[PDB]
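Peer 1: Right, I'll just put the structure down here and ask away after.
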Amino acid sequence: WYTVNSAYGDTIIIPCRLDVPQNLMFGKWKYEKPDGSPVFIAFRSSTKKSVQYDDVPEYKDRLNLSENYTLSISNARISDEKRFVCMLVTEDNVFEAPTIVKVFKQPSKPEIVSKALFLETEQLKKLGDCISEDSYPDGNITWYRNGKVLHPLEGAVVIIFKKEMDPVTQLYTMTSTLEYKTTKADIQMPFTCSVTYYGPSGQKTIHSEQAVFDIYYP
Ligand SMILES: *[C@@H]1O[C@H](CO)[C@@H](O)[C@H](O)[C@H]1NC(C)=O
Ligand SMILES: *[C@@H]1O[C@H](CO)[C@@H](O)[C@H](O)[C@H]1NC(C)=O
Numbered sequence: 028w029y030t031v032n033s034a035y036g037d038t039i040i041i042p043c044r045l046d047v048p049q050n051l052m053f054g055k056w057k058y059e060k061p062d063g064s065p066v067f068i069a070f071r072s073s074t075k076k077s078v079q080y081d082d083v084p085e086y087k088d089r090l091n092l093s094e095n096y097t098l099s100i101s102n103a104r105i106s107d108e109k110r111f112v113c114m115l116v117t118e119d120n121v122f123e124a125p126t127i128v129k130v131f132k133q134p135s136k137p138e139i140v141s142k143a144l145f146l147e148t149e150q151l152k153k154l155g156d157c158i159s160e161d162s163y164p165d166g167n168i169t170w171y172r173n174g175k176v177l178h179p180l181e182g183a184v185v186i187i188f189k190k191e192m193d194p195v196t197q198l199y200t201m202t203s204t205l206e207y208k209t210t211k212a213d214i215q216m217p218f219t220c221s222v223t224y225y226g227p228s229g230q231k232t233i234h235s236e237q238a239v240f241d242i243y244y245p
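Convert by adding 27 to the 1-based position in the sequence shown; the result is the number in the authors' numbering.
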């Protein structure tokens, strides 16, 4: 299970992962549908040096099959997250090698929006919505009070999370609503949020700017 990690919008470089055989006739690249059905996308003849791309609109003007059978896909999309197979064909044999492609799109810097004009003591109020957009894969939202993680607590800290996918791009938008019961200790205290996600270089976290609220009490 060899994997190629690519950032959204970059060129995906997929080497064949096969030794060049003696008596090579041609090579072909294909991708597998979710249930394993094959779709051929590129062809290269070793004898004629010709290059042909199958009529697959999803890959129109996006492929380049080099002389050593490396397939390059331009402008990485979420639909490119598939298993690709390099097939080398000789006069009496077929050799196949798969490569898993994973695509990553960095979530937007989170922002606290739809903010309360003021928080009320002994009353649960919607502090705001922490939104992080156009991400792939989805991310986890954490809330903080004075730079310290704010965990849920019955009748005091209620966190309502949702992840929505755009059906055309397959990118995620994460929204975390914080319903909060303030105290006078929150006078001039900053509230922030962050998004934790997996990218090509591993697990990363991006923090938001702070939000300070006027605390009202009877
Ligand atoms: C040879 O393969 C490498 C990847 O292993 C690729 O970067 C290079 O462009 C290829 N060269 C040719 C001439 O196909
Ligand atoms: C998000 O949280 C879940 C647990 O709820 C965890 O399994 C997952 O690895 C977390 N994702 C990231 C990007 O850390």
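We put the beta carbon where it would ideally sit given N, CA and C, even for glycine.
Does the distance from the C-beta atom of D156 to that of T219 stay below 7 Å?
Peer 2: Position 129 of the sequence shown holds residue 156. Position 192 of the sequence shown holds residue 219. Their beta carbons are not under 7 Å apart, which means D156 does not touch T219 by this criterion.
Peer 1: Go ahead and label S64 buried or exposed: buried means 16 or more other beta carbons lie within 10 angstroms of its beta carbon, across all protein chains shown.
Peer 2: Start at 1 with the first residue of the sequence shown, and residue 64 comes out as number 37. Under this definition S64 is an exposed residue.
Peer 1: Tell me whether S33, by its Cβ, gets closer than 6 Å to a heavy atom of ligand 1.
Peer 2: The count along the sequence shown starts at 1 and reaches residue 33 at position 6. No; taking the cut-off as 6 Å, the Cβ of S33 has no heavy atom of ligand 1 nearer than that.
Peer 1: Less than 8 Å between the CB atoms is what I'm expecting for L146 and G182, so what's the real figure, rounded?
Peer 2: Here residue 146 refers to the residue found at position 119 when the sequence shown is read from its first residue. Here residue 182 refers to the residue found at position 155 when the sequence shown is read from its first residue. Not a contact, Cβ separation roughly 15 Å.
Peer 1: Go ahead and pull the three-state DSSP assignment for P84.
Peer 2: On the sequence shown, position 57 is the one that residue 84 refers to. Of the three classes helix, strand and coil, the one that applies to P84 here is helix, per DSSP.
Peer 1: Could you check whether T200 and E191 sit closer than 7 Å to each other, using their CB atoms as the reference points?
Peer 2: One-based indexing of the sequence shown puts residue 191 at position 164. One-based indexing of the sequence shown puts residue 200 at position 173. In this structure, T200 lies closer than 7 Å to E191 by Cβ.
Peer 1: So, with DSSP's three-state summary, where would you put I40?
Peer 2: Numbered from 1 along the sequence shown, position 13 holds the residue referred to as residue 40. Here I40 sits in strand by DSSP.
Peer 1: When the Cα of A103 is compared with those of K129, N95 and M114, which residue comes out closest?
Peer 2: Reading the sequence shown from its first residue, position 76 is the one you call residue 103. For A103, the nearest C-alpha among the options comes from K129.
Peer 1: Mapping the DSSP letters down to three states, classify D161 as helix, strand or coil.
Peer 2: For the purposes of this step, residue 161 is taken as the residue at position 134 of the sequence shown. Of the three classes helix, strand and coil, the one that applies to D161 here is strand, per DSSP.
Peer 1: Residues in the same chain with beta-carbon distance under 7 Å from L92, minus the five sequence neighbours each way, listed in chain order, please.
Peer 2: Here residue 92 corresponds to residue number 65 of the sequence shown, with the count starting at 1. Only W56, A69, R71, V78 and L98 meet the Cβ criterion.
Peer 1: So, at 6 Å on beta carbons, what are the nonlocal neighbours of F188 in its own chain, with the 5 sequence-adjacent residues on each side left out?
Peer 2: Reading the sequence shown from its first residue, position 161 is the one you call residue 188. Around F188: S203.
Peer 1: Buried or exposed for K76, please, with buried defined as at least 16 other CB atoms from any protein chain shown within 10 angstroms of its CB.
Peer 2: Against the sequence shown, residue 76 aligns to sequence position 49. Its Cβ having fewer than 16 others within 10 Å, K76 is exposed.
Peer 1: Mind checking who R89 pairs with in its DSSP beta bridge?
Peer 2: One-based indexing of the sequence shown puts residue 89 at position 62. In DSSP, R89 forms no bridge with anything.
Peer 1: Please name the residue, chosen from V83, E85 and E149, that lies closest to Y244 on a Cα-to-Cα basis.
Peer 2: Translated into the one-based positions of the sequence shown, residue 244 becomes position 217. The candidate whose alpha carbon is nearest that of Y244 is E149.
Peer 1: Check whether the Cβ of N167 sits closer than 6 Å to any heavy atom of ligand 1, and report yes or no.
Peer 2: Counting from one through the sequence shown, the residue named residue 167 turns up at place 140. No; taking the cut-off as 6 Å, the Cβ of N167 has no heavy atom of ligand 1 nearer than that.
Peer 1: Give the secondary structure of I214 by DSSP, where H, G and I count as helix, E and B as strand, and everything else as coil.
Peer 2: Residue mapping note: residue 214 aligns to position 187 of the sequence shown, counting from 1. It is coil, neither helix nor strand.
Peer 1: How long is the line joining the alpha carbons of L90 and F53, rounded to whole angstroms?
Peer 2: Here residue 90 refers to the residue found at position 63 when the sequence shown is read from its first residue. Here residue 53 refers to the residue found at position 26 when the sequence shown is read from its first residue. Each residue's alpha carbon lies about 17 Å from the other.
Peer 1: Going straight from the alpha carbon of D161 to that of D119, what length do you get?
Peer 2: Residue 161 sits at position 134 when you count from the first residue of the sequence shown. Residue 119 sits at position 92 when you count from the first residue of the sequence shown. Each residue's alpha carbon lies about 48 Å from the other.
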